[PDB]
Amino acid sequence: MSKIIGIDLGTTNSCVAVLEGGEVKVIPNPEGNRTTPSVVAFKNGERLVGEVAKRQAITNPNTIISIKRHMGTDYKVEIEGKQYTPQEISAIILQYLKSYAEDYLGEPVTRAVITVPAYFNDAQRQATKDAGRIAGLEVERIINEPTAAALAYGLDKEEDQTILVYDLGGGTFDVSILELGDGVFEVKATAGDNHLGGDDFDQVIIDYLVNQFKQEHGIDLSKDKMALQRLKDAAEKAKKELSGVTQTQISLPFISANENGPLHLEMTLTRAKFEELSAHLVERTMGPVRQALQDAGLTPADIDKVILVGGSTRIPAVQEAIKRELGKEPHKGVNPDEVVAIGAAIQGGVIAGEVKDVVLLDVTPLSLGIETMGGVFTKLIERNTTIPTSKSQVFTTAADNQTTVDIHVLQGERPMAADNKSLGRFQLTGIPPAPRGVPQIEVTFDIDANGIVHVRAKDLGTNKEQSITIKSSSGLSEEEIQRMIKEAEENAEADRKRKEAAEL
Ligand SMILES: Nc1ncnc2c1ncn2[C@@H]1O[C@H](COP(=O)(O)OP(=O)(O)O)[C@@H](O)[C@H]1O
Ligand SMILES: [Mg+2]
């Protein structure tokens, strides 16, 4: 039966993870990348999704970007006179992800756990549950992104605590305060900016570039789709490189043309210059963090953990800003581009891991024991004990100078030996003379997996032993077993038999 893939169906990107072995694995798509653009293009009647669709987003007029902003709305996109709902376009993305998860698994995947923003309403959720179904997936669970991220860090396996997840994606900014209470998360606060994301950090670069070009050649590249698409792609690639390097080259040869021929755009962009251009974007990120603290009635001190989610969280200036705002070192331990999908796959594994199957197990049908001074039944192995089993009890002599002890093995539930079934008898002889209660005879009952019991009596000081395989015709089976099992609680109370404190 199918696995439950974890799906992060994001505004800019989507990611799918699955639990295989005992580890969560992020599934690479057809071209080897772990995240695929959440965009669909209808070029020539063929539905394109992923990078191939994003590569022509500026160039192609019917290309659908961030359709997630629509979900749960009666919005309609029209391509060549045909209307599609957000559920339908979300389904296409959905179908892609499911497909490549099947390639990777080498088997059909028909179940999933889909992730959504903590603030999605019923309409919004339902729209993504419906998208899953259109795509052919049984949506086992709709969990929210902040929680999925917490799951990826295994926070639900820890002590009660307050968590702040700072989520900066390609198009939106979300901050959620989660309070873990006895392994269960609760969203205390939510705040954000649904128009603050990596795309905007992109937009600063693109603007700086076309302006230098506007003042150096009097040409506005933002008016040429082909030039713009080249700019968009290059502005994003440069932003990313600036996350691990302080200097980078934006090289756009044959970008345009004038009276004298081809024009080339070449220029080195430093981290410092990029940070300068986007400093306002980084500050717009602080308000939602404070409003969320206010709503929860908290202060940076009440937050035990800050978690980072979103690819834009990789930006050095962004990490330094929340580090300074909260006074805590952010957790980036798990890939911020995959953290949500990873938490969804853990939940999927948990759902898929539920077993309700029963296993047969042999247990002792009645209490087993030995007769003890005064006609009382002394049990060694209680009723309903799992076999194989082995129990040992040390017994002693009743009178001064015993030589011998009679081991009478019984099976039943009542206190006096006379009311139980006799299973066998043997005796240990040659016990060195000693005062009463001084010699130590260890009797051990050993039951093998087939229910046969073997009794041994061993003089611990001498090491001489005797034993027998108490043994079937072994006596009781069907009725007799239940007849005695009732009758013992029934006639209860010659448990008066504590009259047997025939004392000493
Ligand atoms: N190394 C990086 N440095 C800065 N930004 C990055 C890096 N890698 C990806 N990003 C940005 O992360 C954003 C995508 O965020 P992500 O969490 O993948 O998306 P979504 O909003 O769909 O959930 C994009 O704007 C991308 O350019
Ligand atoms: Mg996201």
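In what follows, every heavy atom counts, from backbone to side chain, and hydrogens, waters and symmetry copies are set aside. In each ligand, atom 1 is the first atom listed, and ligand 1 is the first ligand listed. For the single chain, residues carry numbers from 1 onward in sequence order.
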Taking [X] first and then [Y], would you say they form a salt bridge - that is, a charged N and a carboxylate O separated by under 4.0 Å?
{"X": "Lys25", "Y": "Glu20", "answer": "no"}
{"X": "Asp130", "Y": "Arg133", "answer": "no"}
{"X": "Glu320", "Y": "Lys323", "answer": "no"}
{"X": "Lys232", "Y": "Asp202", "answer": "yes"}

How long is the straight-line distance from CG of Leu178 back to CG of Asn144, given to the nearest 0.5 Å?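 Here the rounded value is 7.0 Å.
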Taking atom types as modelled and ignoring hydrogens, do the side chains of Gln249 and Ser251 form a donor-acceptor contact shorter than 3.5 angstrom?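 Result is no, nothing qualifies.
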State the atoms of ligand 1, each with its element, that fall below the 4.0 Å cut-off from a heavy-atom position in [X].
{"X": "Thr11", "answer": "22 (O)"}
{"X": "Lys239", "answer": "5 (N), 25 (O), 27 (O)"}
{"X": "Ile315", "answer": "4 (C)"}
{"X": "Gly10", "answer": "22 (O)"}
{"X": "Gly310", "answer": "17 (O)"}

To check your reading of the model: name the closest protein heavy atom to [atom], its residue, and the distance in Å.
{"atom": "atom 14 (C) of ligand 1", "answer": "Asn13 ND2, 3.5 Å"}
{"atom": "atom 24 (C) of ligand 1", "answer": "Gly170 CA, 4.0 Å"}
{"atom": "atom 9 (C) of ligand 1", "answer": "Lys240 CE, 3.8 Å"}
{"atom": "atom 25 (O) of ligand 1", "answer": "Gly198 CA, 3.3 Å"}
{"atom": "atom 3 (N) of ligand 1", "answer": "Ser243 OG, 2.8 Å"}
{"atom": "atom 26 (C) of ligand 1", "answer": "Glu236 OE2, 3.7 Å"}

Can you find an N/O atom of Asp202 closer than 3.5 Å to an N/O atom of ligand 1?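 In this structure, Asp202 places no N or O atom under 3.5 Å from an N or O of ligand 1.
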Could you walk me through whether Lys305 and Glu158 satisfy the salt bridge (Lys or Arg N to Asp or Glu O under 4.0 Å) test, starting with their C-alpha distance in whole Å, then the side-chain angles of each, then the deciding distance to 0.1 Å, before giving a yes or no? CA-CA 12 Å; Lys305 231 106 107 196; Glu158 296 180 5; 3.0 Å; yes
Nearest heavy atom to atom 1 (N) of ligand 1 wins, so pick from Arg34, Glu241, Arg314, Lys68.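 Minimum heavy-atom distance to atom 1 (N) of ligand 1 goes to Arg314.
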Just go through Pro37, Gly311, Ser66, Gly197 and tell me whose heavy atom is the nearest to atom 11 (C) of ligand 1.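 Looking at heavy atoms only, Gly311 sits closest to atom 11 (C) of ligand 1.
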Quick one: does [X]'s side chain have a donor or acceptor within less than 3.5 Å of a partner on [Y]'s backbone?
{"X": "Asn450", "Y": "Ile452", "result": "no"}
{"X": "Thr268", "Y": "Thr248", "result": "yes"}
{"X": "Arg69", "Y": "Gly171", "result": "yes"}

Answer side chain, backbone, both or neither: which part of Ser312 comes under 4.0 Å from ligand 1, heavy atoms only.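 It is both parts that get close, each with some atom under 4.0 Å.
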